[PDB]
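Enquirer: First the structure, then my questions, so here it is.
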Amino acid sequence: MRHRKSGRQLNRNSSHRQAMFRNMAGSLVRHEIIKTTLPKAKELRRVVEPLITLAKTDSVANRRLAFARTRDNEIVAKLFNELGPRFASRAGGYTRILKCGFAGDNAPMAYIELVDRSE
Amino acid sequence: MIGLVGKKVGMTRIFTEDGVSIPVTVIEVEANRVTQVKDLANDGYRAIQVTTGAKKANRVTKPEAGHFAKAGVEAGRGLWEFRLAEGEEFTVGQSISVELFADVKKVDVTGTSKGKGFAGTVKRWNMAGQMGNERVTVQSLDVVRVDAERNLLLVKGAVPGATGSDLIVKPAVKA
RNA sequence: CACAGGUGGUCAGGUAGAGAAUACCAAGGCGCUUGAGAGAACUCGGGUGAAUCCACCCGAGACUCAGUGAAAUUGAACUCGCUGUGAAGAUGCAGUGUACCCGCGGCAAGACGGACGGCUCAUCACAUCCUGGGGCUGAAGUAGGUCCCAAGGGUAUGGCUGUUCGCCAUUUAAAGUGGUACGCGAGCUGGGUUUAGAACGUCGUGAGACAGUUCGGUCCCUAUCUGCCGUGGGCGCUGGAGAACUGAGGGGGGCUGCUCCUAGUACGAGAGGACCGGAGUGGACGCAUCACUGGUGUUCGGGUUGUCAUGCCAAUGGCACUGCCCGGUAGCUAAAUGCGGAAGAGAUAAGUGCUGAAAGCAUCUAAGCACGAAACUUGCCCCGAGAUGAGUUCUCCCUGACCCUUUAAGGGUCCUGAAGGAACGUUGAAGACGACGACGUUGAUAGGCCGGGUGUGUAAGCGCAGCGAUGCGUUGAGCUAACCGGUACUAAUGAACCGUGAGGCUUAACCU
RNA sequence: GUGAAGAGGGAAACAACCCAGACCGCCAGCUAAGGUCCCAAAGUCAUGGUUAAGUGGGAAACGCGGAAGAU
RNA sequence: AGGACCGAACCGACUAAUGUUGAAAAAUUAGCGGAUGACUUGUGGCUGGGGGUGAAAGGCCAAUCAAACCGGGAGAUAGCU
RNA sequence: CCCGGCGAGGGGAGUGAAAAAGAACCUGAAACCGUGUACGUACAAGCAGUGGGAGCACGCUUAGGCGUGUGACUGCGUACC
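Those protein sequence lines, which keep their order, are chains G and D.
Following this note's numbering, the numbering of the first sequence begins with 876 at its first residue and continues without gaps.
Following this note's numbering, the numbering of the second sequence begins with 36 at its first residue and continues without gaps.
Put into structure tokens, the structure is as follows:
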């Protein structure tokens, strides 16, 4: 503990944290833009980027894994058809964080979106 | 006599011909070049300042850049001092290799303990206070192998601190 | 009090279920009154934009826990130690020493915090005891009494007496003796008294009390400063600033069993029997590490019972302690060890000594003049110039102008804004909060990706066999958070604030 | 006799020890106990003596010794 | 048929802890005990203060009992701060 | 009328003798909370006061040494019932 540790404390149940991560990842892949605190945005990016990278390759196993980790038929249907080819030539950095001004001393807020988000 | 400064990279085990496992620590010892010489007449005592590593010119402060340019040497990551044993005197810009420890077989290692949170009385003494960010000196350690071309030094047992820390190796005063 | 506490009857479904019990579901109700903010009027310095009328945001002063806000207490506090006196341990009396001002996290030498009694491992003496190790006592054994690093502050029966109790008897692992208000009645309790009800009667004008009666019974509060440890904001070391060290002072530990030969040598008639501490070998404790020897590792894989869902299977996700187990990445620990408590030196009590008397002897000393015990200090590991006596060394920068007065450690205005720091982001092996290391387009600081490593175990699909289960090649496959070397694919942009503009007075030495 | 019901000065401090009974004011001088190296105001004054142990600056009985005192 | 056994609701505070200006002027949590009997509960009524009640703790009688509240005796009281 | 949020609240103009009378409304001190004026305080030990005492800004005899606020230092100083 306190040495070479990844991930904030995030005091809460592990299952609740996983459900929250899945919900935020689904929201991001659906709307391609979210407003949330910097730690939450970073956690969402960390949890979603592996899914996007896996979705780059179209296969039955990849689709099944995405469905298992997302539990949304519509979301997986959207994936492997648009996001894949859109970011096929890009390795990493599929999401960007923009500072939307302010709390400053209570909790920061920022927008998390895709590299393009359109076109 | 004089000690060098190295960087910890890792620790592993070494097997001898007879088949004995001895813990060793990976320490990279860059050639320390003397930057300043302090004498009795001016500074009041005999000493030599040693610099190791390198830093980007952007982050190097102008006073430090001027001090390094005075000695005509590249700017390093820090400065260290060692007290001479009334022996031969070095000169500014004289690079020092790791050959000195190649014929001593006994060295002492000084490092910085890794930081840790507040510890209870039982944890510390078995008085509460700050743990880590403190000196750690280990003596009576014998160098296992010395590699001049690789600048790799091995010492029996472990050494203080974690990977990437800076340690100081000095001749074993005790004898 | 919209309280967390209490309120009588009826409606009583599905699955695994003997069960209205257990776990999830049908219809229905909820995600809880702390977890989380805008730009906060106004004021300053700025850059950006069509050339008066200005518009946008940053760096700041001005709110901050998105906050109302109570709590016993409080003569006034600028609330140090030791020694002596004192209606008796003096923060306040006399003498002496130390300490920069104001905060934060823990430990209480103790504040006589505040409103009799013993149950007390942390600093104390007797064997102290929230359950480590011991040494002695011609100890018959167990056991007492004597001693060490030490304070089980929850507990026997009893004489002197009042009971746990102040002296002690049997004590076992203690039933226990005071220091500190016997550390706390800011813990407990009465177990006898002045005090929960009886209770002989008392000293006692009376109050006040009877450590005297036989049984006794219900005892309150949310760290105020202070001492120690660590860590912060301001200021000063005299122009400012960044680094590296000397050093007045201060911090804690010097434990202990065996053997090899040295040497069965010396000494010693014989018996007897070392100095040798020359080298290795154990245990208690301290620093540090995870490659090795065990655990955790609710973030990783696999197996499995019930239940809901993905329209059904295969296969998955949610719940049943992480639903129950096999493990286990990095990290954190000990159940594992590299080292340590040196060697040596100074002065030492006792003791051992070169020449040597006073007082033709003697003698450790009178004259010249030397060692030495686990005692003391260096030597081993250190911090430390807030040491105001404010140190030493190296480096970087400012080389402007004008006006006025009460004409000097003077004041004011335009411009300049150096080195350095802070402001914000990535962040860490730094972290309660501060603070500290590295980077910010002149880049691997963080996220992801590439290939590898560890872990887990034969993922799904396909065709065959078994008319079920299930197996075969696909396949040492799939997945892998924290590990390794690169990748700018993404985030740290151009920037802006403080900080200056030649540095006071007197004197000695150099060309004027 | 003091305090009780009296200030002030000295004994380092102090209520009972010594001097001393304050009507008030004035930047004046002289005494008592106690001092005249400093702290702290006053002779480092003069003569005759004891003292080598800091006895002074804490001690009984007893043959200079007796003599061991409080973080 | 069990002052029978295990085990829900339910009942008792028997034990430990939570607090002693509390969430409550005696409550809460975790175990223990009964769980067809001397059981419990909804509602209505009676037993009244030198008295009632009391499977005898002199328990309880409106958060109080070795004799409760209200107005008068009483602006009471010997002694005392 | 303006700011403010199309509220509350505030600032102007007007009425009002007076708004130093605005519905919290005559006169308006203290304990307590903030800002400005001048001073002491970051090497300095105890009932925090009493005399001496250099300065810091201002008005005075327009210096000639006085007063409005402070004491770095120094002799003394164990609050009241």
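C-beta: ideal position from N, C-alpha, C; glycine also.
(1) Quick one: using the 10 Å Cβ neighbour count with 16 as the cut-off for buried, is D/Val44 buried or exposed?
(2) For D/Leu176 and D/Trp115, I'd like the C-alpha separation in whole angstroms.
(3) Taking 8 Å as the CB-CB cut-off, is D/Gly152 touching chain G?
(4) Please return the same chain residues whose Cβ sits closer than 7 Å to the Cβ of D/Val181, not counting the five positions on each side in sequence.
(5) Whole angstroms is fine: what's the gap from G/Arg971's alpha carbon to D/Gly196's?
(6) With 16 as the cutoff for other CB atoms within 10 Å, does G/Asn981 come out buried or exposed?
(7) Measure the C-alpha to C-alpha separation of G/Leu929 and D/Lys105 and round it to an integer number of angstroms.
(8) Is it buried or exposed, G/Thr932, if we count other Cβ atoms within 10 angstroms and call 16 or more buried?
(9) For G/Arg887 and chain D, any beta-carbon pair shorter than 8 Å?
(10) What are the start and end residues of the alpha helix (DSSP H) that includes G/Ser890?
(11) Run through DSSP, which three-state label would D/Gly167 get?
(12) From G/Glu918 to G/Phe896, what does the alpha carbon distance come to, in whole angstroms?
(13) Take D/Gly107 and list the residues in its own chain whose beta-carbon comes closer than 8 Å to its own, dropping the five residues that flank it on each side.
(14) Looking only at C-alpha atoms, which of D/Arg159, D/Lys209 and D/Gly111 sits nearest to D/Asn67?
(15) For D/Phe103, name the three-state secondary structure that DSSP assigns.
(16) Of all the options G/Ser902, G/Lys974, G/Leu940 and G/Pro914, which has the alpha carbon lying nearest to the alpha carbon of G/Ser881?
(17) Could one say the Cβ of D/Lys158 lies closer than 8 Å to chain G's Cβ atoms, at least one of them?
Expert: Once the coordinates are examined:
(1) One-based indexing of the second sequence puts residue 44 of chain D at position 9. Counting every other CB atom within 10 Å of its CB across the protein chains shown gives D/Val44 a total below 16, marking it as exposed.
(2) Counting from one through the second sequence, the residue named residue 176 of chain D turns up at place 141. Counting from one through the second sequence, the residue named residue 115 of chain D turns up at place 80. When rounded, the distance between both Cα atoms is 21 Å.
(3) On the second sequence, position 117 is the one that residue 152 of chain D refers to. For D/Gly152, the answer is yes, since a Cβ of chain G falls inside 8 Å of its Cβ.
(4) Position 146 of the second sequence holds residue 181 of chain D. Hits under 7 Å: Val133, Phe136, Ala137 and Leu188.
(5) Within the first sequence, residue 971 of chain G is the residue found at index 96, counting from 1. Within the second sequence, residue 196 of chain D is the residue found at index 161, counting from 1. Taking the straight line joining both Cα atoms gives about 37 Å.
(6) The count along the first sequence starts at 1 and reaches residue 981 of chain G at position 106. Around the Cβ of G/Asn981, a 10 Å sphere holds fewer than 16 other Cβ atoms; the residue is exposed.
(7) Taking the first sequence and counting its residues from 1, one reaches residue 929 of chain G at position 54. Taking the second sequence and counting its residues from 1, one reaches residue 105 of chain D at position 70. For G/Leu929 and D/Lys105, the distance between alpha carbons rounds to 56 Å.
(8) In the first sequence, the residue the question calls residue 932 of chain G occupies position 57. Exposed is the call here.
(9) As a first step, residue 887 of chain G is located in the first sequence; it is residue number 12 there, counting from the start. Chain D, which has no Cβ nearer than 8 Å to the Cβ of G/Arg887, makes this no.
(10) Taking the first residue of the first sequence as position 1, residue 890 of chain G is located at position 15. Element bounds for G/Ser890: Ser889 to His906.
(11) Counting from 1 along the second sequence, the entry for residue 167 of chain D is found at position 132. D/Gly167 falls in the coil class under three-state DSSP.
(12) Here residue 918 of chain G refers to the residue found at position 43 when the first sequence is read from its first residue. Here residue 896 of chain G refers to the residue found at position 21 when the first sequence is read from its first residue. Their Cα atoms are separated by approximately 8 Å.
(13) For the purposes of this step, residue 107 of chain D is identified with residue 72 of the second sequence, where counting begins at 1. Close CB contacts of D/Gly107 within its chain, under the 8 Å cut and outside five residues either way in sequence, are with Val127 and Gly128 (chain order).
(14) Counting from 1 along the second sequence, the entry for residue 67 of chain D is found at position 32. Minimum Cα-Cα distance from D/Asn67 among the listed residues D/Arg159, D/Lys209 and D/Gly111 corresponds to D/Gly111.
(15) Taking the first residue of the second sequence as 1, we reach residue 103 of chain D at position 68. D/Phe103: helix per DSSP, three-state reduction.
(16) Residue numbering aside, residue 881 of chain G sits at position 6 when the first sequence is read from its first letter. Looking at the Cα atoms, G/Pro914 is the closest of the given residues.
(17) Mapped onto the second sequence, residue 158 of chain D falls at position 123. Not an interface residue.
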